[PDB]
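Single-structure report; data block below.
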Amino acid sequence: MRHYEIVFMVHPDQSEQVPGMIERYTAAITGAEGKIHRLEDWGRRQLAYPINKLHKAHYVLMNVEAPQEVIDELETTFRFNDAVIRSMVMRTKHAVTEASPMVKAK
Amino acid sequence: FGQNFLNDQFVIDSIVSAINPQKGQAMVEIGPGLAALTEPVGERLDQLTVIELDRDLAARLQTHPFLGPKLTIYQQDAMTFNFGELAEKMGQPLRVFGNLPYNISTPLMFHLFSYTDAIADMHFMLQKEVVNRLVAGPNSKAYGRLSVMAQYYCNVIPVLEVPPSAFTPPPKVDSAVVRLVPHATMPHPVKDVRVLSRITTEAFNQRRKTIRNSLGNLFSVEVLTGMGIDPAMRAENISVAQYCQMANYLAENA
Amino acid sequence: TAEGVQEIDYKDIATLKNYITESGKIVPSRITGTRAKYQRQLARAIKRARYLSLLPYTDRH
Amino acid sequence: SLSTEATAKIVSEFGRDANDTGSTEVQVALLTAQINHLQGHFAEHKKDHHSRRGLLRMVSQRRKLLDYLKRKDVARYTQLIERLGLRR
Amino acid sequence: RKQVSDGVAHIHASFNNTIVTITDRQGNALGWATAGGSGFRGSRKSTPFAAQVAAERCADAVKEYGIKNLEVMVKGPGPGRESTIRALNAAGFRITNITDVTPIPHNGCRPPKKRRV
RNA sequence: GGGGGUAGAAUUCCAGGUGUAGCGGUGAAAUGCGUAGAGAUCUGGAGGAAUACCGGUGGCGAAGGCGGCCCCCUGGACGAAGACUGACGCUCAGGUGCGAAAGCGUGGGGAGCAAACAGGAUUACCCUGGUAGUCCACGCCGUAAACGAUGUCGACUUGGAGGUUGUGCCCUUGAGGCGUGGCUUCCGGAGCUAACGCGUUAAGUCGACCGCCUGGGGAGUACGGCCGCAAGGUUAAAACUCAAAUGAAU
């Protein structure tokens with residue numbers, strides 16, 4: 001029922017299996033009446049400092065409207081999954097749909 | 001640096017009268033200095049054994065006007081040597097007194113309690129904060145390690161108070177005179193005195209908590225119940241005699 | 001300027017690079033002459049971007 | 001705080017109509033709603049004094065309103081305290 | 001016993017001493033000299049003169065490998081921070097870079113009792 | 001404000017590399033660490049406590065107080081327009097609750113610091129180790145120069161420079177003009193005050209209720225009651241003694 005904004009980055013080596021993650025998460029969100037207002041992939045981006053011996057990562061941004069339960073479920077899967085190295089979910093005042101300045105500049 | 005000698009004549013009459021030095025007793029007054037405390041010794045003692053750590057004072061101390069040849073002078077630190085050596089030289093326990101810097105006045109009596117019989121009575125003038133603790137008893141805030149250890153050896157009696165304005169560049173503290181004279185017999189003898197010091201130090205290092213854990217580093221509740229010591233009272237409530245009880249037990253057992 | 005007439009996005013590295021020093025610290029508002037409200041938004045955005053490794057914490061290499 | 005739908009439902013129930021939102025009965029009902037909700041929060045967070053200080057304000061204001069209603073009209077007071085489970 | 005074309009000079013400019021150590025890319029040390037191990041002692045041990053003497057001694061201790069170029073890392077606020085780099089480049093050394101490395105915490109552990117002087 | 005996650009710098013320890021003889025400390029040394037390879041420099045890990053820059057003379061809270069980032073639960077303040085109830089109010093003895101640090105009880109944790117303690121020096125203060133404690137959960141204690149040394153509520157009385165946070169109207173590149181609210185800092189007018197000074201956030205002009213004072217020392221002490229595991233807290237005298245003690249300014 002609230003609006004969120006999930007950004008997570010995944011191991012560069014597994015950059016090919018992201019579609020399954022996106023599809024699974026989309027099914028989970030939409031199953032409980034939640035909507036999706038923006039979904040973006042920035043591709044591989046060079047990291048600004050070495051996150052536990054790596055460089056570069058695959059970046060995903062996704063804007064969601066949904067209730068608390070599905071968000072807690074997504075948090076738990078992120079925590080238990082391994083390919084994800086760093087994720088962050090934020091609450092937002094209202095929905096947005098305009099693409100990030102990041103995508104346009106690229 | 002500067003020391004602060006005693007000038008007022010009204011105060012130093014009680015001290016002389018209280019010591020009442022007669023003829024035939026060994027007086028060992030350390031640190032004569034300017035002889036401010038031996039000049040009022042003009043009832044004299046036909047002899048005295050003096051100890052002075054400084055050669056300059058000893059040198060310009062051998063003549064005075066009248067002093068000359070009545071006393072033997074030693075130039076070694078009192079804290080170092082054997083007082084008891086100069087005990088069979090005369091044949092009687094020594095009567096001593098002093099006005100030493102409160103700073104160095106603590107270690108000497110604990111260097112003098114060891115030699116025991118070679119010492120009969122003492123009359124020192126110490127700080128008021130310290131004198132109260134020496135004559136103190138249980139269940140107060142002046143009760144401490146110093147009280148227990150000193151009371152285990154000798155008897156402590158205050159003699160005279162010195163109000164601060166008696167000395168030149170007078171300090172911010174008050175001084176006092178106490179009379180201590182070692183016991184003829186020990187009410188509670190302990191095999192090893194060092195173990196007694198160990199127990200008292202450990203107990204009074206956590207003075208503010210119960211002995212179930214203040215002193216539980218060595219004992220156990222049922223043991224202390226055996227000797228009739230309440231395991232829920234602070235260290236300041238334990239009487240000297242009780243403190244000698246576990247002193248005996250810790251050597252009797254393991 | 002820094003005070004965009006809406007809010008300050010934390011996904012705009014090009015703008016956020018204007019308000020950090022060579023070492024990656026935040027520039028005080030005396031030097032830039034920016035309003036206090038938008039300065040608070042700046043600090044929050046910079047901290048968030050630091051978490052996501054889009055900016056350096058300091059200068060390790 | 002109360003949701004807008006719950007507030008609207010209480011107002012429709014206890015009020016004279018859909019705009020009479022300041023009657024003593026509606027105010028007492030709204031305060032009771034909040035109090036009953038907050039016991040659950042405080043069962044879990046017992047060491048949170050800074051909000052218990054606002055809960056106490058709720059309780060005291062409700063008591064003052066009830067005393068005024070007692071002195072003004074008695075039958076309405078009895079009916080209200082029966083309708084809400086107040087004072088046993 | 002090996003030729004290298006790069007090097008790293010590390011100086012620890014404390015308030016009571018100074019230490020200079022020469023090492024390679026990987027951080028394996030080659031030669032080191034201390035102000036207090038150069039016949040200095042006491043307050044003389046903290047003077048810049050001892051710092052430059054130790055700098056020369058260490059430079060002479062590392063010419064068996066044929067170092068021709070290095071950059072300097074400074075770590076400490078004490079005196080002797082700058083004389084070492086000068087005495088170093090006066091001994092046939094080119095300074096590619098000068099870096100400050102002294103750590104700063106983001107409120108880590110609590111510091112000791114400062115000098116009540 | 002309560003709960004749960006997580007990040008990056010730094011200190012200590014452990015394990016590895018390169019390497020050879022000092023390090024640390026002081027006014028100068030010594031205890032101390034090191035040839036079983038220290039100190040230095042690079043790589044990996046473990047654990048605990050605190051959040052650089054932003055940072056402000058800034059903000060929030062009844063006061064004590066509150067500082068990395070993200071989520072969940074939650075209290076108050078403020079502003080716009082409109083509708084509703086109809087004096088529902090102010091203050092408050094006894095009573096109830098919250099209340100820095102130190103201290104205590106039961107059980108964990110322990111990196112840095114450090115009462116006591118153990119050593120080394122110099123003529124206090126210094127140096128090297130280091131326990132309680134500082135941290136967490138749950139109980140107790142109930143005090144501070146807890147200070148704006150300034151009780152809570154309401155009304156009225158000339159001005160000038162700043163900060164922070166809302167909002168209405170015009171034309172509109174608007175940091176463009178005309179207004180209207182809340183909180184806060186510094187000068188200063190009448191008036192007041194012993195003076196210093198306060199001055200629309202009053203120590204000015206008034207009203208309602210509460211707390212407290214009666215020369216200095218003895219004394220916030222003794223005896224009694226209540227509270228506390230203890231330390232102690234709270235309520236609270238007299239005999240005797242002096243002719244002063246005190247505030248602001250010159």
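All heavy atoms count here, side chains included; hydrogens, waters and symmetry mates do not. Within every chain, numbering begins at 1; the chains are lettered A, B, ... in the order of the sequence lines, protein sequences first and strands thereafter.
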Applying the 3.5 Å rule to both hydrogen-bond distances, is there a Watson-Crick or wobble pair between [N] and [M]?
{"N": "F:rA175", "M": "F:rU205", "result": "no"}
{"N": "F:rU158", "M": "F:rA15", "result": "no"}
{"N": "F:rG47", "M": "F:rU11", "result": "no"}
{"N": "F:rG217", "M": "F:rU12", "result": "no"}
{"N": "F:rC69", "M": "F:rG110", "result": "no"}
{"N": "F:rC33", "M": "F:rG22", "result": "yes"}
{"N": "F:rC23", "M": "F:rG107", "result": "no"}

Anti versus syn assignment for F:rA202, with syn defined as within 90° of 0: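 For F:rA202, whose glycosidic angle is within 90° of 0, the conformation is syn.
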N-glycosidic conformation, F:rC88 - syn within 90 degrees of 0, else anti: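 F:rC88: syn.
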For [N], the Watson-Crick or wobble counterpart (both distances under 3.5 Å):
{"N": "F:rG166", "result": "F:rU180"}
{"N": "F:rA230", "result": "none"}
{"N": "F:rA50", "result": "none"}
{"N": "F:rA80", "result": "none"}
{"N": "F:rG139", "result": "F:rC104"}

F:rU41 OP1/OP2 closer than 4.0 Å to side-chain N/O of E:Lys75: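 For F:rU41, OP1 or OP2 has a side-chain N or O of E:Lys75 closer than 4.0 Å.
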E:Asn17 side-chain N/O to F:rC23 phosphate OP1/OP2 under 4.0 Å: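 Result: yes.
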Aromatic ring proximity A:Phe78/A:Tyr25, centre distance under 6.0 Å: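 Between A:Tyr25 and A:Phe78, which both carry aromatic rings, the centre distance is below 6.0 Å.
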D:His37-D:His41 aromatic ring centre distance below 6.0 Å: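 Distance test on ring centres: not under 6.0 Å, no.
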Face-to-face stacking of E:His106 with F:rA52, centres under 5.5 angstrom, angle under 30°: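 Here the ring of E:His106 and the base of F:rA52 are stacked, with centres under 5.5 Å and planes under 30°.
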Closest to the C:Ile26 side chain, choosing from F:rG27, F:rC54, F:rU123: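 The listed nucleotide nearest to C:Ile26's side chain is F:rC54.
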Position toward the 5' end of RNA chain F (nearest nucleotide), E:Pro111 or D:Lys64: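 It is D:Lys64 whose nearest nucleotide is closer to the 5' end.
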Upstream residue (5' side of RNA chain F) when B:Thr201 and E:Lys45 are each assigned their closest nucleotide: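 The 5'-side residue here is E:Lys45.
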Pairwise [atom1] distance, [M] and [N] [rounded to whole Å]:
{"N": "F:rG99", "M": "F:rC66", "atom1": "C1'", "answer": "15 Å"}
{"N": "F:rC90", "M": "F:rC73", "atom1": "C1'", "answer": "36 Å"}
{"N": "F:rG37", "M": "F:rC23", "atom1": "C1'", "answer": "13 Å"}
{"N": "F:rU235", "M": "F:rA222", "atom1": "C1'", "answer": "14 Å"}
{"N": "F:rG233", "M": "F:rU185", "atom1": "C1'", "answer": "41 Å"}
{"N": "F:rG68", "M": "F:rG55", "atom1": "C1'", "answer": "14 Å"}
{"N": "F:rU143", "M": "F:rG182", "atom1": "P", "answer": "39 Å"}
{"N": "F:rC135", "M": "F:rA9", "atom1": "P", "answer": "27 Å"}

Touch class at under 4.0 angstrom, heavy-atom based, for [X] against every strand present:
{"X": "A:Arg2", "answer": "sugar-phosphate"}
{"X": "D:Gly15", "answer": "nothing"}
{"X": "D:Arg16", "answer": "nothing"}

Distance, rounded to the nearest Å, where C:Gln41 contributes CD and F:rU164 contributes P: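 Nearest whole value for this atom pair: 15 Å.
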Separation of atom CZ in C:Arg60 from atom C1' in F:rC42, rounded to whole Å: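 After rounding, the reported distance stands at 10 Å.
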Side-chain donor-acceptor contact under 3.5 Å, C:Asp12 with C:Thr15: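 Looking only at side-chain atoms, C:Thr15 and C:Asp12 do form a donor-acceptor pair, the distance falling under 3.5 Å.
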Less than 3.5 Å between a donor and an acceptor, one on the side chain of [X] and one on the base of [N], is that the case here?
{"X": "B:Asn205", "N": "F:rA116", "result": "yes"}
{"X": "C:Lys37", "N": "F:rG58", "result": "no"}
{"X": "E:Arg110", "N": "F:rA50", "result": "no"}
{"X": "D:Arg53", "N": "F:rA62", "result": "yes"}

